[PDB]
Each structure stands twice: as structure tokens, then as C-alpha cells.
Amino acid sequence: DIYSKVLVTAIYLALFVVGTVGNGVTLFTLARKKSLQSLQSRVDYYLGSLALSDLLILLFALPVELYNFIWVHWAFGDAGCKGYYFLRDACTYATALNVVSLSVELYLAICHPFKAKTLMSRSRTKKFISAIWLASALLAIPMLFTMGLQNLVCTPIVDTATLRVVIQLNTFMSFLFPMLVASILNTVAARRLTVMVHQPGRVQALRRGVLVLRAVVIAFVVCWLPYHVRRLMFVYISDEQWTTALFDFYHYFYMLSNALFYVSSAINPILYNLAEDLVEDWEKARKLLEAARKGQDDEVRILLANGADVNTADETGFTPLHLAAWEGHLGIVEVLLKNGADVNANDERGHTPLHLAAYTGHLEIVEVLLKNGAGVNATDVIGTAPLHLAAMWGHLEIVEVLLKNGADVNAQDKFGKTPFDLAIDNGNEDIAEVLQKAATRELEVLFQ
Ligand SMILES: COc1cccc(OC)c1-c1cc(C(=O)N[C@]2(C(=O)O)[C@@H]3C[C@H]4C[C@H](C[C@@H]2C4)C3)nn1-c1ccnc2cc(Cl)ccc12
């Protein structure tokens, strides 16, 4: 139908530009990045080799299928008819062999790190990626002789029996065999790394390579499995003609698998980067929360430089600033604020860093917070404000600073207690006297 033609055409154009940009940016990045780790540079060479095959499908295969299949009712020549299937077949091999070769290098590095250290270099990996690309072209040569131009339409130039044989072998050799090998090696590599880790940043690269691979495998398996199942349906089909429902099913499934093929190649960079960056982000986030609390000045400085989230909140809603303000680390509080730390950050109860700074009696930090635009009158779910906690725990110095920055003396909590009530009940006579004076500010100012 026309609705289906418009739907699919839009998806192809979306996949094309996003895939071309994504894989295009990837190649530029990985080509022009200087990784300070031998193993991680080799992982990049494989992702660069995958980005190349991803781009060839999107620039040479997608437009032909878009044009000479769905969009319009053949005009790419015999070279194009043969070239299309050859190039598409070649890329799928190059992908499957890149994923296997990568999974092999990771497996050896984890299970045999001693041998892998001496018997693996960037030059050796560059040698195999060539071999992968050269072997891919070698295995894809049969497709040049199975499809040809006749009448002008691009149709098979061999009997269905012979065509069934090459397609069957292709699906097994190009997908089923390698993907399973990659999957097993990846699964085993991940398990033995856990044991290997338990016993400078080689483990991070090995952890990154496993995550990257795992996601890249799942993406291409999920996306090409329907496409290859379809090709096995072709070779193992029953008699001519079936129920209209069955014809509708195979037609939709054919049209679907066609589209799903280009999904994998398009959003692969985004998917493996997202997954890898999520773990690295979460890691650096939790490292910052502990470094900020423990009082590690150097650790916090490095982690913020490495691009850790300064405003990251924990399960209880605490940011690095909350704990740094609580534990009384003035050096870190300033460093955090300089890096754009949210000074009015809330938690589960709705406490700000100023609530915690006042409670623990950190005068110097209380000022630096306020100086950087901290809410002096900020209240929690109970209705407690910094002035309540400062007066409560007998911190006269802070009470003066808070009042000096316009702290509400009449502010009450759920229990109907003012900062004065807390000061009096806690036997803080010194604080309570200043609070009663502050309350009579309006009276004295005008009259006197
Ligand atoms: C008997 O084949 C199937 C049975 C059930 C479901 C099917 O597709 C989901 C298929 C199927 C697969 C292919 C299938 O994979 N074409 C090719 C491809 O690359 O896609 C074409 C055509 C040949 C040479 C070459 C490589 C193969 C096989 C290009 N084509 N194809 C179909 C063949 C015949 N009639 C069909 C009718 C319907 Cl409604 C749907 C699919 C049909």
C-alpha cells in the first residue's frame, strides 16, 4: 500500500542520514584519537573497520534498495546488479569476521594474558583487519555469478537449486557460525575476566572491549536474525501458494527484515557508546561521591577533569557537595562549586548542602555556599531550615552569618518550633538572645 511505501521510505531516509553521520563521525573520531593504551587502540581499529562496513551498506546498498525496490516501480547496469549483492555480502562477512577477530583477541588477553602481552601488537591487529577485508571479498565473489542483468531487471542467472545452496552456505558461514563463536568467546571472556580481575588501566580496556563487543553482537544478531531466518525460509520453503494470511505474513516479514537490516548498521555506534559510557559515567559518579566525602582533594580534581557529573545524586539524594559540606571539606566544596556544582541541590527529605553545613557547624563552608547563591531560608519536608539546625546544635557564629544573609527567624517546622525554641530547649542561651534581637529588627530599625 501507499501508506506502507511512505512509512518505510521515511525510516530508510532517517536511518541513512543518522547512520552516515554516526558512522562518519565515528571514523573521524577513532582515526583522530590518541588512546594512551595499546589494547584499546586495537579495539578502536575493529570499531573503525565496523564503521567502514556500516558506511558502505548505507551509501551504496540503502539507496539502491530504497530506489530499485520500494520507492519507484532497474537502471544501475549489470555492474550495479552484481556489485550490489557482492558489496552487501562482503560487508556482512567483514562485520561478522571483525566481531569474531575482536572476541578472539579479548578471549586470549583474559585467559592467556602472559602469552597475549608478547604475542599481540597494533601492527598484528592491522594485519588481520586487512585479512578480514580481503577474505570477505573472497567469500562474496560467488554472489557476482548468482545474480545478473536480464530481460532490464536484476534477477538470478543460476537455477533455484544452485541458488538455494550458495544462500544456505552464506547464512551459515557469514552469520550463524561466526556470531555463535563470537557470542561464546565473549560470554566466556567476560566470566574469566571477573576471575582474572579478582587475581595500569588494562582491566578497564578489557572491561570496555567486552561491553562494546557484547552490545555490537546483540545489535547485529537481533537485526540480522530476522533477515537470515527469511533466507532459510527461502531455501527450506514448501509448495507454491498458501492462505492469504500466510502471504500477508511473509510479505510483511520480507518488507520488515529488509528495513531491520539497515537499523543495525545505522545505530550501532550510538548503542555500544551509550552502554559503555553509562557504566563509565556511573563508575566516575560513585567514585566522586566517596572522594568528596572521604576528603580526597586529588581524586576529586582528577575525576572532575575526566568528565564526572558534579551534580550526580545517590539513592538517598546526596550530591558530592552535600557530603563535602557535611564532612567539612572546604577545599573540595570550592573545587566542586568552581566546576558548576548545584549549591541548592535537594535530597529525599529536601536538605541542601547549607542544611548539612549548619548541622555539623562548618562556619567557613556555610559562607562559601551562601557566597555562591545558596538559599538561606530553604526548608525540608518537616519545614526545618539551616537556622533551626544552627541554633539547635549551638553554632552562634553560623546563626549570625545566616541572619546576616536574611534568615527568617519566624520560620516554623511541622512540630511548630522556631530556631529560638530549639536554642532555648537545647540550653544555648548565647544563640537564643541574638535570635530574639533579630526578630525585633523591624521594631528597632524604624523607631530608633
Ligand atoms: C520462498 O521464499 C520465501 C518463503 C517465505 C518467506 C520469504 O521471505 C520472508 C521467502 C523469501 C526470501 C527471499 C529472499 O531472500 N530473496 C532474495 C533476497 O536477497 O532477499 C532475492 C531473491 C533470491 C536471490 C537473491 C537472494 C534471495 C533469494 C535476491 N525471497 N523470498 C520470496 C520468494 C518468493 N516469493 C515470496 C513471496 C513473498 Cl510474499 C515474500 C517472499 C518471497
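Numbering starts at 1 and runs along the chain as displayed.
Positions of Cβ are set from backbone N, Cα and C atoms, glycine also.
Listed in Swiss-Prot:
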DISULFID  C81-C154  disulfide bond
TRANSMEM  125-145  transmembrane segment
TRANSMEM  212-233  transmembrane segment
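Annotated in the PDB entry:
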SEQADV    275-283  linker
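Cβ neighbour count for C81 (disulfide bond) (all protein chains, 10 Å cutoff from its Cβ): 23.
Distance between the Cα atoms of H73 and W74, which bracket 2 unmodelled residues, is 9 Å. With 10 residues left out of the model between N151 and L152, the distance spanned by their C-alpha atoms equals 5 Å. Counting residues 6+ beyond its ends, the linker (275-283) has Cβ neighbours under 8 Å at 207-208, 211-212, 215, 308-309 in the same chain. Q199 and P200 bracket a stretch of 8 residues that the deposited model omits, and the distance between their Cα atoms is 14 Å. Counting Cβ atoms from all protein chains shown, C154 (disulfide bond) has 20 others lying within 10 Å of its own Cβ.
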